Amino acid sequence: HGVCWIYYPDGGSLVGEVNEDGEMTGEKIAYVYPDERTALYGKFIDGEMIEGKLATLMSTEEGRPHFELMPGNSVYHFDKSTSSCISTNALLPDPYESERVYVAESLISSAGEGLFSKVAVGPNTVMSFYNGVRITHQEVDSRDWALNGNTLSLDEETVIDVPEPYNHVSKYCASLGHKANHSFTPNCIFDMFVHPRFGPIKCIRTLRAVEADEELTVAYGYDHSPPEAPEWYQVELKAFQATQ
């Protein structure tokens, strides 16, 4: 008759009545995003999202979340990428990310597209998800930089990549973290994130307050003394080192 909340370090949570074994299994389980408001509500088995419908957390009463389902039929499921498949629904956006960021021309000279805040947010705010296919450090490190524009180290065994042609929003928009440009004076950082659709990935989180329509940037963090990096970054490392 009791409800349980299980938080991840990133601030997302699973919430619901657990079954006889303390498992998040049932028809009224929810994943709640770190805004404590956007939710995916429905059928879960041992914490894995089978059918999550988009909802808004309207209140909690005695610890129990009360949701309203959003109109339409936006449904989501656990859909972890593989080495060759980025997503079963490449064009289905993440509903939390879609309210926080958009892609447009970067303000950085010659940098192509960039990622921008849709609204004003405070520090420590998760803005965007960096999902991609999962490949090895060996494959990535043993191939040319021209193929490594979007590679992100996840851990000691896995690199996340958004390979062509999925680097174009018309082909892939389920997540947008690969659209954030680099800065040596960034307003965001990469952080671990456990996503109900993508699984274990990284996210982009603000390290300070950001304004509406501000470009989001992250330090790519290439090794400066192995520099092991693409030319544009090396040219920029020089400039940045000068300003110091």
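Each residue number is its position in the shown sequence, starting from 1.
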Count up the deposited residues without coordinates from residue 226 to residue 227 and drop the result into none, 1 to 3, 4 to 9, or 10 or more.
-> 4 to 9
Once you work out the mean C-alpha B-factor for both 234-242 and 1-9 from the entry, which is higher?
-> 234-242
80-88 versus 145-153 - greater average Cα B-factor per the deposited record = 145-153
Would you mind finding, among 135, 121, 75, 108, the residue with the largest C-alpha temperature factor in the entry?
-> 108
Among 67, 184, 190, 44, which carries the highest Cα B-factor?
-> 184
Taking the values exactly as deposited, rank residue 210 by C-alpha B-factor within its chain and report the matching third: lowest, middle or highest.
-> highest
Should residue 127 be placed in the lowest, middle or highest third of its chain by the C-alpha B factor in the entry?
-> lowest
Lowest, middle or highest third: where is residue 104 by Cα B-factor in its chain?
-> highest
